[PDB]
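S.K.: So that you have it, the file is upload.pdb, and it contains PDB, N, CA and C atoms and all ligand atoms:
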MODEL        1
ATOM      1  N   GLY A   1     -15.046  18.073 -14.183
ATOM      2  CA  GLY A   1     -14.359  18.020 -12.906
ATOM      3  C   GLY A   1     -13.043  18.776 -12.975
ATOM      4  N   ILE A   2     -12.222  18.660 -11.939
ATOM      5  CA  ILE A   2     -10.999  19.466 -11.854
ATOM      6  C   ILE A   2      -9.967  19.226 -12.935
ATOM      7  N   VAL A   3      -9.848  17.991 -13.405
ATOM      8  CA  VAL A   3      -8.906  17.751 -14.483
ATOM      9  C   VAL A   3      -9.311  18.656 -15.631
ATOM     10  N   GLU A   4     -10.618  18.742 -15.848
ATOM     11  CA  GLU A   4     -11.174  19.558 -16.914
ATOM     12  C   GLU A   4     -11.005  21.036 -16.599
ATOM     13  N   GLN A   5     -11.497  21.441 -15.430
ATOM     14  CA  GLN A   5     -11.398  22.826 -14.961
ATOM     15  C   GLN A   5      -9.986  23.433 -15.009
ATOM     16  N   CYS A   6      -9.004  22.740 -14.438
ATOM     17  CA  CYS A   6      -7.617  23.200 -14.469
ATOM     18  C   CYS A   6      -7.096  23.430 -15.880
ATOM     19  N   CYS A   7      -7.497  22.581 -16.820
ATOM     20  CA  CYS A   7      -7.013  22.709 -18.189
ATOM     21  C   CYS A   7      -7.853  23.635 -19.068
ATOM     22  N   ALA A   8      -9.169  23.492 -19.042
ATOM     23  CA  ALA A   8     -10.001  24.323 -19.909
ATOM     24  C   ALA A   8     -10.089  25.735 -19.355
ATOM     25  N   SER A   9     -10.113  25.834 -18.033
ATOM     26  CA  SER A   9     -10.205  27.116 -17.343
ATOM     27  C   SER A   9      -8.943  27.345 -16.488
ATOM     28  N   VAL A  10      -9.122  27.723 -15.231
ATOM     29  CA  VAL A  10      -8.009  27.757 -14.287
ATOM     30  C   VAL A  10      -8.441  27.158 -12.958
ATOM     31  N   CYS A  11      -7.473  26.712 -12.168
ATOM     32  CA  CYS A  11      -7.768  26.167 -10.861
ATOM     33  C   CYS A  11      -6.662  26.584  -9.900
ATOM     34  N   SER A  12      -6.929  26.500  -8.604
ATOM     35  CA  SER A  12      -5.932  26.890  -7.612
ATOM     36  C   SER A  12      -5.338  25.667  -6.949
ATOM     37  N   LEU A  13      -4.218  25.857  -6.253
ATOM     38  CA  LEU A  13      -3.599  24.746  -5.543
ATOM     39  C   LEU A  13      -4.531  24.313  -4.424
ATOM     40  N   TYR A  14      -5.330  25.251  -3.913
ATOM     41  CA  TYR A  14      -6.295  24.931  -2.865
ATOM     42  C   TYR A  14      -7.407  24.014  -3.374
ATOM     43  N   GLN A  15      -7.877  24.261  -4.585
ATOM     44  CA  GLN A  15      -8.812  23.341  -5.211
ATOM     45  C   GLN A  15      -8.204  21.942  -5.400
ATOM     46  N   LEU A  16      -6.894  21.867  -5.607
ATOM     47  CA  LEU A  16      -6.256  20.580  -5.842
ATOM     48  C   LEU A  16      -6.179  19.728  -4.570
ATOM     49  N   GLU A  17      -6.087  20.384  -3.418
ATOM     50  CA  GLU A  17      -6.059  19.694  -2.129
ATOM     51  C   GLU A  17      -7.256  18.772  -1.948
ATOM     52  N   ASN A  18      -8.361  19.077  -2.615
ATOM     53  CA  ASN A  18      -9.535  18.222  -2.496
ATOM     54  C   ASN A  18      -9.247  16.808  -3.003
ATOM     55  N   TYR A  19      -8.185  16.646  -3.788
ATOM     56  CA  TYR A  19      -7.938  15.355  -4.413
ATOM     57  C   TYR A  19      -6.866  14.566  -3.710
ATOM     58  N   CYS A  20      -6.390  15.114  -2.605
ATOM     59  CA  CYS A  20      -5.451  14.374  -1.772
ATOM     60  C   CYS A  20      -6.195  13.251  -1.049
ATOM     61  N   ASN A  21      -5.461  12.222  -0.629
ATOM     62  CA  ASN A  21      -6.030  11.160   0.187
ATOM     63  C   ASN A  21      -6.309  11.646   1.589
TER      64      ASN A  21
ATOM     65  N   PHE B   1      -0.569  32.405  -3.038
ATOM     66  CA  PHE B   1      -0.616  31.490  -4.173
ATOM     67  C   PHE B   1      -1.381  32.115  -5.329
ATOM     68  N   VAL B   2      -1.262  31.512  -6.506
ATOM     69  CA  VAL B   2      -1.884  32.047  -7.711
ATOM     70  C   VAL B   2      -2.736  30.983  -8.425
ATOM     71  N   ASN B   3      -3.575  31.418  -9.368
ATOM     72  CA  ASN B   3      -4.377  30.502 -10.183
ATOM     73  C   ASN B   3      -3.536  29.798 -11.233
ATOM     74  N   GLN B   4      -3.965  28.604 -11.626
ATOM     75  CA  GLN B   4      -3.119  27.737 -12.431
ATOM     76  C   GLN B   4      -3.793  27.311 -13.722
ATOM     77  N   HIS B   5      -3.030  27.297 -14.809
ATOM     78  CA  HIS B   5      -3.482  26.647 -16.031
ATOM     79  C   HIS B   5      -2.684  25.356 -16.244
ATOM     80  N   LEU B   6      -3.315  24.210 -15.981
ATOM     81  CA  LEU B   6      -2.609  22.933 -15.890
ATOM     82  C   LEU B   6      -3.288  21.847 -16.714
ATOM     83  N   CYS B   7      -2.640  21.420 -17.797
ATOM     84  CA  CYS B   7      -3.184  20.351 -18.630
ATOM     85  C   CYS B   7      -2.252  19.147 -18.629
ATOM     86  N   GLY B   8      -2.812  17.964 -18.855
ATOM     87  CA  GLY B   8      -2.004  16.765 -18.978
ATOM     88  C   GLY B   8      -1.092  16.472 -17.800
ATOM     89  N   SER B   9       0.148  16.112 -18.103
ATOM     90  CA  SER B   9       1.092  15.719 -17.066
ATOM     91  C   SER B   9       1.405  16.861 -16.099
ATOM     92  N   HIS B  10       1.168  18.100 -16.519
ATOM     93  CA  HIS B  10       1.422  19.254 -15.664
ATOM     94  C   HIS B  10       0.459  19.287 -14.477
ATOM     95  N   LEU B  11      -0.758  18.812 -14.689
ATOM     96  CA  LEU B  11      -1.721  18.710 -13.593
ATOM     97  C   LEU B  11      -1.254  17.660 -12.590
ATOM     98  N   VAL B  12      -0.793  16.508 -13.064
ATOM     99  CA  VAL B  12      -0.376  15.482 -12.109
ATOM    100  C   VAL B  12       0.881  15.919 -11.351
ATOM    101  N   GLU B  13       1.731  16.743 -11.956
ATOM    102  CA  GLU B  13       2.867  17.302 -11.229
ATOM    103  C   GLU B  13       2.374  18.185 -10.094
ATOM    104  N   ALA B  14       1.382  19.026 -10.381
ATOM    105  CA  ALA B  14       0.873  19.910  -9.350
ATOM    106  C   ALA B  14       0.204  19.118  -8.227
ATOM    107  N   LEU B  15      -0.578  18.101  -8.579
ATOM    108  CA  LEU B  15      -1.144  17.209  -7.563
ATOM    109  C   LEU B  15      -0.058  16.612  -6.684
ATOM    110  N   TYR B  16       0.991  16.089  -7.309
ATOM    111  CA  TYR B  16       2.079  15.501  -6.540
ATOM    112  C   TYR B  16       2.623  16.509  -5.544
ATOM    113  N   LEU B  17       2.891  17.727  -6.017
ATOM    114  CA  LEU B  17       3.409  18.802  -5.160
ATOM    115  C   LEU B  17       2.491  19.143  -3.987
ATOM    116  N   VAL B  18       1.213  19.320  -4.289
ATOM    117  CA  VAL B  18       0.234  19.676  -3.268
ATOM    118  C   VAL B  18      -0.001  18.562  -2.258
ATOM    119  N   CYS B  19      -0.040  17.312  -2.718
ATOM    120  CA  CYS B  19      -0.480  16.220  -1.839
ATOM    121  C   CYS B  19       0.671  15.453  -1.215
ATOM    122  N   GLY B  20       1.799  15.407  -1.923
ATOM    123  CA  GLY B  20       2.975  14.702  -1.445
ATOM    124  C   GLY B  20       2.675  13.313  -0.909
ATOM    125  N   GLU B  21       3.161  13.038   0.302
ATOM    126  CA  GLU B  21       3.078  11.691   0.865
ATOM    127  C   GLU B  21       1.656  11.277   1.224
ATOM    128  N   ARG B  22       0.733  12.237   1.276
ATOM    129  CA  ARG B  22      -0.674  11.914   1.468
ATOM    130  C   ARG B  22      -1.209  11.077   0.312
ATOM    131  N   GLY B  23      -0.610  11.245  -0.860
ATOM    132  CA  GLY B  23      -1.105  10.589  -2.050
ATOM    133  C   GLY B  23      -2.306  11.320  -2.607
ATOM    134  N   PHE B  24      -2.757  10.915  -3.787
ATOM    135  CA  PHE B  24      -3.868  11.579  -4.428
ATOM    136  C   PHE B  24      -4.507  10.671  -5.471
ATOM    137  N   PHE B  25      -5.713  11.036  -5.900
ATOM    138  CA  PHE B  25      -6.389  10.337  -6.990
ATOM    139  C   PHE B  25      -6.467  11.253  -8.201
ATOM    140  N   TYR B  26      -6.022  10.754  -9.353
ATOM    141  CA  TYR B  26      -6.169  11.473 -10.625
ATOM    142  C   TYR B  26      -7.326  10.834 -11.358
ATOM    143  N   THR B  27      -8.408  11.590 -11.494
ATOM    144  CA  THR B  27      -9.661  11.050 -12.000
ATOM    145  C   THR B  27     -10.298  11.973 -13.040
ATOM    146  N   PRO B  28      -9.873  11.828 -14.300
ATOM    147  CA  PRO B  28     -10.464  12.515 -15.446
ATOM    148  C   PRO B  28     -11.846  11.937 -15.709
ATOM    149  N   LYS B  29     -12.664  12.646 -16.476
ATOM    150  CA  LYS B  29     -13.906  12.079 -16.981
ATOM    151  C   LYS B  29     -13.614  10.853 -17.836
TER     152      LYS B  29
HETATM  153 CU    CU A 101       4.024  20.872 -21.399
ENDMDL
END
Represent the supplied structure as structure tokens.
M.R.:
Amino acid sequence: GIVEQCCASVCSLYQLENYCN
Amino acid sequence: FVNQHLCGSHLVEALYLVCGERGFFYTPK
């Protein structure tokens, strides 16, 4: 998932918005 | 905006920034 993706690979701030409430 | 390399507490900082008062869920495997 994104915790993994952001650290092992790269992620965007837009991808992070998916985790907002 | 640009792509991010974010591990550990740095990821939760970015979540805080992006989501702010909306709040967010931090859910690792
Ligand atoms: Cu550090």
S.K.: Please return as a VMD selection string the residues found within 8 Å of ligand CU 101 (chain A), counting only C-alpha atoms and all ligand atoms.
M.R.: chain B and resid 7 to 10
S.K.: List the residues matched by the PyMOL selection byres (((chain A and resi 15 and name CA) around 12) and not hetatm and name CA) in the displayed structure as a list in words, ordered by chain and then by residue number.
M.R.: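 Taken over the shown coordinates, the PyMOL selection byres (((chain A and resi 15 and name CA) around 12) and not hetatm and name CA) returns residues 1, 2, 3, 5, 6, 10, 11, 12, 13, 14, 16, 17, 18, 19 and 20 of chain A; 1, 2, 3, 4, 11, 14, 15, 18 and 19 of chain B.
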S.K.: Would you mind reading off the distance between atom N of residue 4 (chain A) and atom N of residue 21 (chain B), one decimal, in Å?
M.R.: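 Atom-to-atom, atom N of residue 4 (chain A) to atom N of residue 21 (chain B), that is 22.0 Å.
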S.K.: Assign secondary structure with DSSP using the backbone only, and return the residues of chain A in alpha helix (DSSP H) as a PyMOL selection string.
M.R.: chain A and resi 2-8+13-16
S.K.: Could you tell me which residues the PyMOL selection byres (((chain B and resi 26) around 8) and not hetatm) grabs in this file, written as a list in words?
M.R.: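 Listing what the PyMOL selection byres (((chain B and resi 26) around 8) and not hetatm) selects in the shown file: residues 3 and 19 of chain A; 12, 23, 24, 25, 27, 28 and 29 of chain B.
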S.K.: Export, as a CSV table (one decimal), keeping the file's coordinate frame, the selected residues with N, CA and C atoms.
M.R.:
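The result, written out as out_2.csv:
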chain,number,residue,atom,x,y,z
A,3,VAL,N,-9.8,18.0,-13.4
A,3,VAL,CA,-8.9,17.8,-14.5
A,3,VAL,C,-9.3,18.7,-15.6
A,19,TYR,N,-8.2,16.6,-3.8
A,19,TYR,CA,-7.9,15.4,-4.4
A,19,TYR,C,-6.9,14.6,-3.7
B,12,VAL,N,-0.8,16.5,-13.1
B,12,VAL,CA,-0.4,15.5,-12.1
B,12,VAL,C,0.9,15.9,-11.4
B,23,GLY,N,-0.6,11.2,-0.9
B,23,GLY,CA,-1.1,10.6,-2.0
B,23,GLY,C,-2.3,11.3,-2.6
B,24,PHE,N,-2.8,10.9,-3.8
B,24,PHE,CA,-3.9,11.6,-4.4
B,24,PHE,C,-4.5,10.7,-5.5
B,25,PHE,N,-5.7,11.0,-5.9
B,25,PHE,CA,-6.4,10.3,-7.0
B,25,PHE,C,-6.5,11.3,-8.2
B,27,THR,N,-8.4,11.6,-11.5
B,27,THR,CA,-9.7,11.0,-12.0
B,27,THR,C,-10.3,12.0,-13.0
B,28,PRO,N,-9.9,11.8,-14.3
B,28,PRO,CA,-10.5,12.5,-15.4
B,28,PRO,C,-11.8,11.9,-15.7
B,29,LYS,N,-12.7,12.6,-16.5
B,29,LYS,CA,-13.9,12.1,-17.0
B,29,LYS,C,-13.6,10.9,-17.8
S.K.: Between atom N of residue 9 (chain A) and atom C of residue 6 (chain B), what is the distance, to one decimal in Å?
M.R.: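 Atom-to-atom, atom N of residue 9 (chain A) to atom C of residue 6 (chain B), that is 8.0 Å.
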S.K.: Grab the CA of residue 7 (chain A) to atom C of residue 17 (chain B) distance for me, in Å with one decimal place.
M.R.: 17.5 Å
